[PDB]
There are 2 protein chains.
Amino acid sequence: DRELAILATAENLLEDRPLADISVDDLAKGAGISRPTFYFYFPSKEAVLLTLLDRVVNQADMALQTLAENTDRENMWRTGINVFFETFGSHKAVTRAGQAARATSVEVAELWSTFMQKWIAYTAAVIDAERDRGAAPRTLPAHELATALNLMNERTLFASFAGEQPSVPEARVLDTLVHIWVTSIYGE
Amino acid sequence: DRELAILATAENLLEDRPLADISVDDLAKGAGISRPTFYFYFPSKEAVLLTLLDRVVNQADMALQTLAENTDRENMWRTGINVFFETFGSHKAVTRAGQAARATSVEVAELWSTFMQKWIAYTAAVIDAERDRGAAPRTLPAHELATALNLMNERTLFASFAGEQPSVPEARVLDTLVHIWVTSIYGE
Ligand SMILES: COc1cccc(OCC(=O)Nc2ccc(-c3nc4ccccc4s3)cc2)c1
Ligand SMILES: COc1cccc(OCC(=O)Nc2ccc(-c3nc4ccccc4s3)cc2)c1
Ligand SMILES: [N+]
Ligand SMILES: [N+]
C-alpha cells in the first residue's frame, strides 16, 4: 500500500500525460515517498505501468469468467462485450498507455498477447457451442472468426477511447460492435 | 532517382530491421551517395519512411478508385478488400514500420488518419447505395458500421502480416474479413 499509493498516482498522472512525461520522482512525490523508496517497490516507471495494465486485464478477465459461469443471443454477446467496454472504459489512461507500450515493451506485448489468446479461445468455444446446438451456422472456422472479432474490438475501442480520428463515438461503439458480432456469428 | 535509390534501400533495409536500427549512413551507403548528399533529398530517416508510406497508401487508394469507377455482392467486397491485402501485403516492412511510426510521428499519424477517413467515407457511400437500391437492410448508421469494418481490417491485416500472436494466418485472412463485411452489411 505504499505500493497501492504508487499505482494510484501513476494512474492519475497518466490521465494528464504519457508515461515518458512522467518521472520516477513524479511517482515518488505523488505517493508520498522518496525515490530510493520507490525503487524498492518497482524496478522502473515501466514496471508500474505493467502492473496497472496487469490489474486492468485481469479485472476484465475475471468479469468475463463470472458471466461465463451462468436472455436472447444478441443480449448475451452484448453483456460480454460490455465487460471490455466498461472495464477498459473505466481505465482509459491505463488502456491508452498499455496500448502504446506494446511497442516499447516485450513484457507489455506478452501480457496483452496472452489475454487476447485466452479471450479468443473463449469466444471460439461459445461459437462452437452455438453451432453444436444448431443456433449458429457452420461458416468460417470459429477460431479465425473469433480472432478477427476480438481484434476489431481491441482496435475500435482503443480508437473510441482515445478520441481518434477516425473513431466510432463512444456512445455508439457498443451497439456498433454487437451488430457486427451477431450478424457475423449467426449470419449466412 | 538518387531519391528513388534512397527509397528502395530504405524499403530493403526495413525487411531486416526496424527504422531505429537503420542509420542515415546506412541509407546513404545503400543508395551509393554520401551522407550530406542524403540530407539534400531528405531531412531525416523518418522523412524517408513517411515518403515510402505515402507512396504505399496512395497506391491502395488509386487502386480502390480504379475499382470504384466500374459480379455478386460478396465478390464485389472481396475485390475491394483485396486491394488492401495485396497492396499492403506487397509492402509488409513499410506497412509494419508505418504502423509503428503512428506513435512516433504526427505526420505519419495524420497521413494514416486522412486515408482511413477517405476509405471509411467511401465504404459508407457504397453501403448507402446498397441500402437505396434495396439490396442491404437499414441497420446501423452506415458511417459507424464502415468505421468499425475498416478499423477491423487495419488491425487484423497488420497482425497477420506481422505474424502476431494472436493473428489469422495470412492465407485465411481475406476470406475471414470478407465473411464479416458481407454478413454485417447485408445481415439483419
Ligand atoms: C481496449 O478494448 C479491448 C481490448 C481487447 C479486447 C477487447 O474486446 C474483446 C471482446 O469484446 N471479446 C469478447 C467479448 C465477449 C465474449 C463473450 N461474451 C459472452 C457472453 C455469455 C457467454 C460467453 C461469452 S464469451 C468473449 C470475448 C477490447
Ligand atoms: C494494413 O491493412 C490495412 C490498413 C488500413 C485499411 C485496411 O483495409 C481497409 C479496407 O479493406 N477497406 C475497404 C475495402 C473495400 C472497399 C470497397 N470495395 C469496393 C468494391 C466495389 C465498389 C466499391 C467498393 S468500396 C472500401 C474500403 C487494411
Ligand atoms: N465506461
Ligand atoms: N500479398
# chains A, B, ... in the order shown; residues from 1 in each chain; ligands from 1
$ residues_around --residues "residue 35 (chain B)" --least-positions-apart "2" --cutoff "12 Å" --atoms "only C-alpha atoms" --output "list in words"
residues 6, 23, 24, 25, 26, 27, 28, 29, 30, 31, 32, 33, 37, 38, 39, 40, 41, 42, 43, 44 and 45 of chain B
$ residues_near_ligand --ligand "ligand 1" --cutoff "7 Å" --atoms "only C-alpha atoms and all ligand atoms" --output "ChimeraX atom specification"
/A:64,67-68,76-77,79-81,84-85,88,95,116,119-120,122-123,126,150-151,153-155,157-158
$ write_last_selection --atoms "N, CA, C and O atoms" --output "mmCIF file, in the first residue's frame"
data_model
loop_
_atom_site.group_PDB
_atom_site.id
_atom_site.type_symbol
_atom_site.label_atom_id
_atom_site.label_comp_id
_atom_site.auth_asym_id
_atom_site.auth_seq_id
_atom_site.Cartn_x
_atom_site.Cartn_y
_atom_site.Cartn_z
ATOM 1 N N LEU A 64 -15.332 -11.505 -17.159
ATOM 2 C CA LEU A 64 -15.868 -12.372 -18.237
ATOM 3 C C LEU A 64 -16.080 -13.834 -17.682
ATOM 4 O O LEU A 64 -17.087 -14.484 -17.972
ATOM 5 N N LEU A 67 -19.451 -14.013 -15.910
ATOM 6 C CA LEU A 67 -20.528 -14.070 -16.874
ATOM 7 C C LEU A 67 -20.700 -15.478 -17.436
ATOM 8 O O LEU A 67 -21.839 -16.002 -17.548
ATOM 9 N N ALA A 68 -19.550 -16.086 -17.766
ATOM 10 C CA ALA A 68 -19.444 -17.394 -18.402
ATOM 11 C C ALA A 68 -20.085 -18.504 -17.561
ATOM 12 O O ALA A 68 -20.724 -19.399 -18.119
ATOM 13 N N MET A 76 -26.856 -11.707 -24.971
ATOM 14 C CA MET A 76 -25.738 -12.429 -24.438
ATOM 15 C C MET A 76 -24.400 -11.839 -24.908
ATOM 16 O O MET A 76 -23.488 -11.674 -24.084
ATOM 17 N N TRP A 77 -24.244 -11.589 -26.219
ATOM 18 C CA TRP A 77 -22.936 -11.074 -26.706
ATOM 19 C C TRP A 77 -22.743 -9.662 -26.206
ATOM 20 O O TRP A 77 -21.647 -9.268 -25.826
ATOM 21 N N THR A 79 -23.724 -8.346 -23.392
ATOM 22 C CA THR A 79 -23.276 -8.305 -21.988
ATOM 23 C C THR A 79 -21.799 -8.700 -21.879
ATOM 24 O O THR A 79 -21.050 -8.163 -21.027
ATOM 25 N N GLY A 80 -21.348 -9.644 -22.724
ATOM 26 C CA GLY A 80 -19.923 -9.981 -22.700
ATOM 27 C C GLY A 80 -19.018 -8.893 -23.314
ATOM 28 O O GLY A 80 -17.956 -8.500 -22.744
ATOM 29 N N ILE A 81 -19.375 -8.381 -24.483
ATOM 30 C CA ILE A 81 -18.529 -7.251 -24.998
ATOM 31 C C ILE A 81 -18.530 -6.083 -24.017
ATOM 32 O O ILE A 81 -17.530 -5.362 -23.861
ATOM 33 N N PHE A 84 -15.738 -5.592 -21.539
ATOM 34 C CA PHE A 84 -14.494 -4.937 -22.041
ATOM 35 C C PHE A 84 -14.663 -3.456 -22.159
ATOM 36 O O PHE A 84 -13.800 -2.629 -21.753
ATOM 37 N N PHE A 85 -15.800 -3.073 -22.703
ATOM 38 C CA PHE A 85 -16.107 -1.648 -22.833
ATOM 39 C C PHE A 85 -16.091 -0.911 -21.442
ATOM 40 O O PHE A 85 -15.508 0.178 -21.313
ATOM 41 N N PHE A 88 -12.271 -1.461 -19.660
ATOM 42 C CA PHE A 88 -11.190 -0.616 -20.225
ATOM 43 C C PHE A 88 -11.664 0.834 -20.235
ATOM 44 O O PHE A 88 -10.854 1.811 -20.107
ATOM 45 N N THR A 95 -5.327 2.024 -20.306
ATOM 46 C CA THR A 95 -5.614 1.369 -21.588
ATOM 47 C C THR A 95 -4.770 1.991 -22.698
ATOM 48 O O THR A 95 -4.019 1.263 -23.317
ATOM 49 N N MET A 116 -5.368 -11.803 -24.933
ATOM 50 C CA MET A 116 -6.143 -11.849 -26.217
ATOM 51 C C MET A 116 -6.309 -13.326 -26.669
ATOM 52 O O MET A 116 -7.381 -13.755 -27.118
ATOM 53 N N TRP A 119 -9.053 -14.738 -24.592
ATOM 54 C CA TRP A 119 -10.442 -14.292 -24.908
ATOM 55 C C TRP A 119 -10.935 -14.792 -26.246
ATOM 56 O O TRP A 119 -12.117 -15.064 -26.432
ATOM 57 N N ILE A 120 -9.987 -14.896 -27.178
ATOM 58 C CA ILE A 120 -10.312 -15.505 -28.497
ATOM 59 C C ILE A 120 -10.725 -16.972 -28.316
ATOM 60 O O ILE A 120 -11.729 -17.408 -28.898
ATOM 61 N N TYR A 122 -11.863 -18.452 -25.690
ATOM 62 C CA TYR A 122 -13.248 -18.460 -25.148
ATOM 63 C C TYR A 122 -14.394 -18.037 -26.126
ATOM 64 O O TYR A 122 -15.442 -18.724 -26.239
ATOM 65 N N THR A 123 -14.202 -16.957 -26.897
ATOM 66 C CA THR A 123 -15.196 -16.662 -27.934
ATOM 67 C C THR A 123 -15.360 -17.872 -28.898
ATOM 68 O O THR A 123 -16.440 -18.181 -29.249
ATOM 69 N N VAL A 126 -17.567 -20.627 -27.413
ATOM 70 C CA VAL A 126 -19.013 -20.287 -27.354
ATOM 71 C C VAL A 126 -19.585 -20.374 -28.746
ATOM 72 O O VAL A 126 -20.676 -20.895 -28.937
ATOM 73 N N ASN A 150 -12.332 -10.263 -32.104
ATOM 74 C CA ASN A 150 -11.625 -9.732 -30.966
ATOM 75 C C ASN A 150 -10.646 -8.629 -31.320
ATOM 76 O O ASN A 150 -10.476 -7.641 -30.537
ATOM 77 N N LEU A 151 -9.949 -8.762 -32.468
ATOM 78 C CA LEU A 151 -9.000 -7.708 -32.881
ATOM 79 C C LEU A 151 -9.817 -6.427 -33.254
ATOM 80 O O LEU A 151 -9.320 -5.324 -33.096
ATOM 81 N N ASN A 153 -12.517 -5.471 -31.899
ATOM 82 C CA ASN A 153 -12.897 -4.756 -30.672
ATOM 83 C C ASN A 153 -11.767 -3.997 -30.035
ATOM 84 O O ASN A 153 -11.946 -2.833 -29.563
ATOM 85 N N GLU A 154 -10.594 -4.643 -29.968
ATOM 86 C CA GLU A 154 -9.413 -4.023 -29.426
ATOM 87 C C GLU A 154 -9.184 -2.681 -30.137
ATOM 88 O O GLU A 154 -9.051 -1.620 -29.451
ATOM 89 N N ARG A 155 -9.074 -2.722 -31.469
ATOM 90 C CA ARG A 155 -8.681 -1.506 -32.250
ATOM 91 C C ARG A 155 -9.778 -0.439 -32.205
ATOM 92 O O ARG A 155 -9.511 0.760 -32.063
ATOM 93 N N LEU A 157 -12.317 -0.080 -29.897
ATOM 94 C CA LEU A 157 -12.412 0.534 -28.546
ATOM 95 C C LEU A 157 -11.267 1.433 -28.227
ATOM 96 O O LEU A 157 -11.484 2.529 -27.630
ATOM 97 N N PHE A 158 -10.032 1.019 -28.586
ATOM 98 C CA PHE A 158 -8.908 1.923 -28.396
ATOM 99 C C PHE A 158 -9.119 3.231 -29.142
ATOM 100 O O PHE A 158 -8.872 4.315 -28.573
#
$ residues_near_ligand --ligand "ligand 4" --cutoff "10 Å" --atoms "only C-alpha atoms and all ligand atoms" --output "list in words"
residues 82, 83, 84, 85, 86, 87, 88, 89, 90, 91, 92, 161, 170 and 171 of chain B
$ interface_residues --of "chain A" --to "chain B" --cutoff "10 Å" --atoms "only C-alpha atoms" --output "PyMOL selection string"
chain A and resi 100+103+109-110+112-118+120+139-141+143-157+159+164-169+172-173+175-177+179-188
$ write_last_selection --atoms "N, CA and C atoms" --output "compact mmCIF listing (two decimals), in the first residue's frame"
# COMPACT_ATOMS: atom_id res chain seq x y z
N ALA A 100 0.07 1.82 -26.16
CA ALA A 100 1.34 2.33 -26.64
C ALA A 100 2.51 1.45 -26.24
N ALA A 103 4.50 -1.66 -28.15
CA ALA A 103 5.70 -1.39 -28.99
C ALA A 103 7.00 -1.35 -28.16
N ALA A 109 3.77 -6.36 -24.35
CA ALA A 109 3.36 -7.23 -25.50
C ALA A 109 2.95 -8.64 -25.11
N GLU A 110 3.69 -9.34 -24.23
CA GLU A 110 3.28 -10.71 -23.94
C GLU A 110 2.05 -10.82 -23.05
N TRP A 112 -0.52 -8.66 -23.01
CA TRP A 112 -1.62 -8.39 -23.96
C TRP A 112 -1.91 -9.60 -24.82
N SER A 113 -0.87 -10.12 -25.44
CA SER A 113 -0.98 -11.36 -26.23
C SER A 113 -1.58 -12.56 -25.50
N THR A 114 -1.10 -12.89 -24.27
CA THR A 114 -1.69 -14.00 -23.51
C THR A 114 -3.18 -13.80 -23.27
N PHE A 115 -3.58 -12.58 -22.86
CA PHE A 115 -5.02 -12.40 -22.57
C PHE A 115 -5.86 -12.42 -23.84
N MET A 116 -5.37 -11.80 -24.93
CA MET A 116 -6.14 -11.85 -26.22
C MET A 116 -6.31 -13.33 -26.67
N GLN A 117 -5.22 -14.13 -26.57
CA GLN A 117 -5.41 -15.57 -26.91
C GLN A 117 -6.46 -16.22 -26.04
N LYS A 118 -6.43 -15.94 -24.74
CA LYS A 118 -7.46 -16.51 -23.86
C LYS A 118 -8.88 -16.05 -24.29
N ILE A 120 -9.99 -14.90 -27.18
CA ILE A 120 -10.31 -15.51 -28.50
C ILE A 120 -10.73 -16.97 -28.32
N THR A 139 -19.93 -21.62 -40.73
CA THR A 139 -19.45 -20.79 -41.82
C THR A 139 -17.93 -20.83 -41.69
N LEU A 140 -17.31 -19.73 -41.29
CA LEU A 140 -15.85 -19.69 -41.09
C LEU A 140 -15.49 -20.59 -39.94
N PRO A 141 -14.27 -21.09 -39.93
CA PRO A 141 -13.66 -21.70 -38.72
C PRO A 141 -13.81 -20.75 -37.50
N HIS A 143 -12.36 -20.30 -34.68
CA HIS A 143 -11.28 -19.64 -34.10
C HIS A 143 -10.78 -18.44 -34.93
N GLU A 144 -10.83 -18.58 -36.25
CA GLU A 144 -10.43 -17.47 -37.10
C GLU A 144 -11.47 -16.28 -36.99
N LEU A 145 -12.76 -16.59 -37.05
CA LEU A 145 -13.84 -15.59 -36.88
C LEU A 145 -13.63 -14.90 -35.52
N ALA A 146 -13.39 -15.70 -34.47
CA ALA A 146 -13.14 -15.13 -33.10
C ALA A 146 -11.93 -14.18 -33.08
N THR A 147 -10.81 -14.59 -33.72
CA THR A 147 -9.61 -13.75 -33.73
C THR A 147 -9.99 -12.38 -34.38
N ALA A 148 -10.60 -12.38 -35.56
CA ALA A 148 -10.92 -11.06 -36.22
C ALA A 148 -11.86 -10.20 -35.39
N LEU A 149 -12.89 -10.83 -34.78
CA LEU A 149 -13.88 -10.06 -33.94
C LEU A 149 -13.19 -9.47 -32.75
N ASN A 150 -12.33 -10.26 -32.10
CA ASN A 150 -11.62 -9.73 -30.97
C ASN A 150 -10.65 -8.63 -31.32
N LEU A 151 -9.95 -8.76 -32.47
CA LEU A 151 -9.00 -7.71 -32.88
C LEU A 151 -9.82 -6.43 -33.25
N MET A 152 -10.97 -6.62 -33.87
CA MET A 152 -11.81 -5.47 -34.22
C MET A 152 -12.16 -4.72 -32.94
N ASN A 153 -12.52 -5.47 -31.90
CA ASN A 153 -12.90 -4.76 -30.67
C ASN A 153 -11.77 -4.00 -30.04
N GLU A 154 -10.59 -4.64 -29.97
CA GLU A 154 -9.41 -4.02 -29.43
C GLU A 154 -9.18 -2.68 -30.14
N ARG A 155 -9.07 -2.72 -31.47
CA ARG A 155 -8.68 -1.51 -32.25
C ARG A 155 -9.78 -0.44 -32.20
N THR A 156 -11.02 -0.88 -32.27
CA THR A 156 -12.14 0.09 -32.37
C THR A 156 -12.35 0.71 -30.99
N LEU A 157 -12.32 -0.08 -29.90
CA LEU A 157 -12.41 0.53 -28.55
C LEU A 157 -11.27 1.43 -28.23
N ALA A 159 -9.56 3.16 -30.41
CA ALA A 159 -9.82 4.41 -31.16
C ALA A 159 -10.88 5.28 -30.50
N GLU A 164 -9.69 9.13 -31.29
CA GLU A 164 -9.01 9.16 -32.61
C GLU A 164 -9.87 9.62 -33.75
N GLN A 165 -9.22 10.15 -34.77
CA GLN A 165 -9.96 10.34 -35.99
C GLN A 165 -9.32 9.43 -37.03
N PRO A 166 -10.06 8.47 -37.57
CA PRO A 166 -11.50 8.22 -37.38
C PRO A 166 -11.76 7.37 -36.11
N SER A 167 -12.96 7.50 -35.51
CA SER A 167 -13.44 6.53 -34.49
C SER A 167 -14.95 6.53 -34.47
N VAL A 168 -15.55 5.47 -33.96
CA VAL A 168 -16.99 5.46 -33.59
C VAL A 168 -17.08 6.25 -32.28
N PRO A 169 -18.04 7.19 -32.18
CA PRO A 169 -18.24 7.90 -30.92
C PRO A 169 -18.46 6.86 -29.78
N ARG A 172 -21.77 5.22 -29.27
CA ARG A 172 -22.38 4.35 -30.27
C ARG A 172 -21.56 3.04 -30.49
N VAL A 173 -20.40 2.97 -29.87
CA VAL A 173 -19.45 1.88 -30.18
C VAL A 173 -19.96 0.50 -29.69
N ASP A 175 -23.10 -0.65 -29.45
CA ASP A 175 -24.11 -1.14 -30.39
C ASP A 175 -23.41 -1.54 -31.77
N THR A 176 -22.41 -0.75 -32.16
CA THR A 176 -21.73 -1.00 -33.47
C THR A 176 -21.08 -2.39 -33.42
N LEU A 177 -20.34 -2.67 -32.33
CA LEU A 177 -19.63 -3.92 -32.23
C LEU A 177 -20.57 -5.08 -32.10
N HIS A 179 -23.68 -5.40 -33.22
CA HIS A 179 -24.30 -5.69 -34.55
C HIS A 179 -23.35 -6.58 -35.42
N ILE A 180 -22.06 -6.23 -35.44
CA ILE A 180 -21.08 -6.94 -36.28
C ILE A 180 -20.83 -8.35 -35.71
N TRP A 181 -20.75 -8.51 -34.39
CA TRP A 181 -20.55 -9.86 -33.81
C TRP A 181 -21.73 -10.71 -34.12
N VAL A 182 -22.95 -10.19 -33.87
CA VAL A 182 -24.15 -11.02 -34.02
C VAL A 182 -24.43 -11.42 -35.51
N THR A 183 -24.34 -10.48 -36.43
CA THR A 183 -24.57 -10.77 -37.84
C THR A 183 -23.51 -11.74 -38.33
N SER A 184 -22.25 -11.61 -37.83
CA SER A 184 -21.19 -12.46 -38.38
C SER A 184 -21.19 -13.86 -37.76
N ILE A 185 -21.65 -13.97 -36.52
CA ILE A 185 -21.75 -15.26 -35.85
C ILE A 185 -22.99 -16.06 -36.36
N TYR A 186 -24.11 -15.38 -36.58
CA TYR A 186 -25.39 -16.09 -36.78
C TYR A 186 -25.76 -16.03 -38.23
N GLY A 187 -25.06 -15.20 -39.02
CA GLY A 187 -25.46 -14.93 -40.40
C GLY A 187 -24.92 -15.98 -41.39
N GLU A 188 -25.66 -16.23 -42.46
CA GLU A 188 -25.08 -16.90 -43.61
C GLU A 188 -25.17 -16.07 -44.89
$ select_by_dssp --residues "region 53-156 of chain B" --states "helix (DSSP H, G or I)" --output "PyMOL selection string"
chain B and resi 53-68+73-89+92-104+106-132+142-156
$ residues_around --residues "residue 111 (chain B)" --least-positions-apart "3" --cutoff "9 Å" --atoms "only C-alpha atoms" --output "ChimeraX atom specification"
/B:50,53-54,57,106-108,114-116
$ residues_around --residues "residue 127 (chain A)" --least-positions-apart "3" --cutoff "8 Å" --atoms "only C-alpha atoms" --output "list in words"
residues 123, 124, 130, 131, 136, 142 and 185 of chain A
$ atom_distance --atom1 "CA of residue 16 (chain A)" --atom2 "CA of residue 96 (chain B)"
28.9 Å
